[PDB]
Amino acid sequence: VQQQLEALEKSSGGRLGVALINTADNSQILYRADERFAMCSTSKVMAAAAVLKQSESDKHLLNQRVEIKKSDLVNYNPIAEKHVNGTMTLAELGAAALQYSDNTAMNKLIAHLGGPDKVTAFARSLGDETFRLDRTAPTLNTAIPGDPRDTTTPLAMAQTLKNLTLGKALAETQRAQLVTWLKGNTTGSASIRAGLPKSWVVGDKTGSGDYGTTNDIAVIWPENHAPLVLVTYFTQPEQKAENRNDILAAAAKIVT
């Protein structure tokens, strides 16, 4: 399996990070899982969870209305643009930040939290020492090689994604909502999902950016077997490099 990942990487012209956790026995399949990668929009999982964390202690929180102004729209706002001049609730922005990778949505949840640094401290509380968000959308998609900003390891995100969706990171109602947001993702058809059996159920969060950075983190629920948490990050040495969702799909095939 390590061999096939080495070859898929060499031929791909980029750098590939993978970490599959098999929750059956907590056994790991790792490849450059301790190297840093720009997270791009996979970072949005963190923001939405941080808001879900707040709702555990605050029952009016998810319903809070938030105004969407025309001054709020950025470069990619498939859902938030439909609510200009009106409002969206936090629950709705989190759904849209995760299901549609809406950048306007991401930016309203961060702002509600009070800064990218507020999302890092939340990651810290979970016990994620690696995760750092430093910028808002879309500039957290620059993904400059060696740039520490908005990065994390494949492993670190696998351990916290597993905790958030299958472990101690959130009380049940919150952990359930998060998972129902991840499963309903609309953007991941060509990434990790394309590499698995179709009958398997998948929650994921994609993320693409410059340097043909192409990411998908995911919880996979097989039909007869404990779940797996897979993180497939990928990035190239050339800034205008074409994203390669197909490479994440292949790595997924391999490891699983």
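Between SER189 and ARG65, what FRET efficiency follows from the Cβ-Cβ distance if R0 is 25 Å, with the result rounded to 0.05? Can you show the working numbers first?
Numbers: r = 32 Å, r/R0 = 1.28.
That pair, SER189 with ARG65, gives E of 0.20.
Grab the DSSP H runs of the chain that are 4 residues or longer, score each as -39,500 (n - 2.57), total them, divide by all residues and round the 222 nm result to the nearest 500 deg cm²/dmol. List each step's numbers first, then the result.
On the way: 8 runs with 90 residues, N = 256.
Theoretical 222 nm ellipticity from helices: -10500 deg cm²/dmol.
In nanometres, what is the gap between the two model label sites at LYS118 and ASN75, each 7 Å from Cα along Cα-to-Cβ?
In this crude spin-label approximation the distance works out to 2.5 nm.
What distance in nm lies between label points placed 7 Å from Cα along the C-beta direction at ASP147 and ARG135?
0.4
Let me know the volume per residue of the alpha-carbon convex hull for the chain, in Å³.
Hull volume over Cα atoms, normalised by residue count, gives 114 Å³.
Would you give the gap between the C-alpha center of segment 154-232 and the C-alpha center of segment 1-30, rounded to a whole Å?
Computed from Cα coordinates, the inter-centre distance equals 16 Å.
Using θ = phi - 60° and the Karplus curve 6.51 cos²θ - 1.76 cosθ + 1.60, what whole-Hz ³J(HN,Hα) does each residue of segment 185-195 get, with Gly and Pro shown as x?
4, 9, 8, x, 4, 9, 9, 5, 4, 5, x
What is the magnitude of the charge dipole of the chain about its Cα centre, with +1 placed on the Cβ of each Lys and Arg, -1 on the Cβ of each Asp and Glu, and no other charges, expressed in debye to the nearest 20? List each step's numbers first, then the result.
On the way: 27 positive and 26 negative charges, 70 e Å.
The dipole of the chain has a size of about 340 debye.
Check cross-link reach from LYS183 to the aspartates and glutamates: straight Cα distance under 17 Å, and skip same-chain residues fewer than eight apart.
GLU92, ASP102, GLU172, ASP204, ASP216, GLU223
Residues with beta-carbon under 9 Å from that of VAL219, excluding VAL219: net charge, scoring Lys, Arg +1 and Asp, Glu -1?
On the way: positive: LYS162, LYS183; negative: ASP204.
Combined, the nearby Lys, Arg, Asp and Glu give +1.
Along the positive direction of the dipole of segment 180-256 (beta-carbon charges: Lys, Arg +1; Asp, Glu -1; about the Cα centre), which of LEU182, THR213, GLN236 reaches farthest?
So the residue furthest toward the plus end is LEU182.
When all C-alpha to C-alpha distances in segment 140-226 are sorted into bins of 10 Å, what percent of pairs does each bin hold, rounded to whole numbers?
15, 43, 34, 8, 0
Run the simple label-point estimate for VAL201 and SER125 please: 7 Å along Cα→C-beta, distance reported in nm.
It is 2.9 nm.
Cβ neighbours within 10 Å, averaged per peptide: list 217-230, 66-79 in order, most packed at the top.
Details: 217-230: 19.1, 66-79: 14.9.
Highest to lowest by the protection proxy: 217-230, 66-79.
Taking 1 over the mean of 1/r across every pair of different Cα atoms in segment 206-246, what Kirkwood radius in Å do you get? Provide the component values of the computation, followed by the final result.
Values: mean 1/r = 0.0884 Å⁻¹.
So the Kirkwood estimate lands at 11.3 Å.
Each residue of segment 228-244 in turn: what ³J(HN,Hα) in whole Hz from Karplus with 6.51, -1.76, 1.60 and θ = phi - 60°, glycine and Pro shown as x?
Computed from phi, the couplings for segment 228-244 are 10, 10, 10, 10, 10, 9, 7, 7, 10, x, 10, 4, 8, 4, 5, 3, 10 Hz.
How long is the gain from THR89 to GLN3 if the chain were fully straight, where each residue apart is worth 0.36 nm and the alpha carbon distance is subtracted? Could the numbers behind the result be given before it?
On the way: separation 86, 0.36 × 86 = 30.96 nm, distance 4.71 nm.
Stretched fully, the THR89-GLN3 segment lengthens by 26.3 nm.
Cβ coordinates were reconstructed from backbone atoms using ideal geometry, including for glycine residues, and neighbour counts include every protein chain displayed. Rule-based calculations on the coordinates, nothing more; no lab input.
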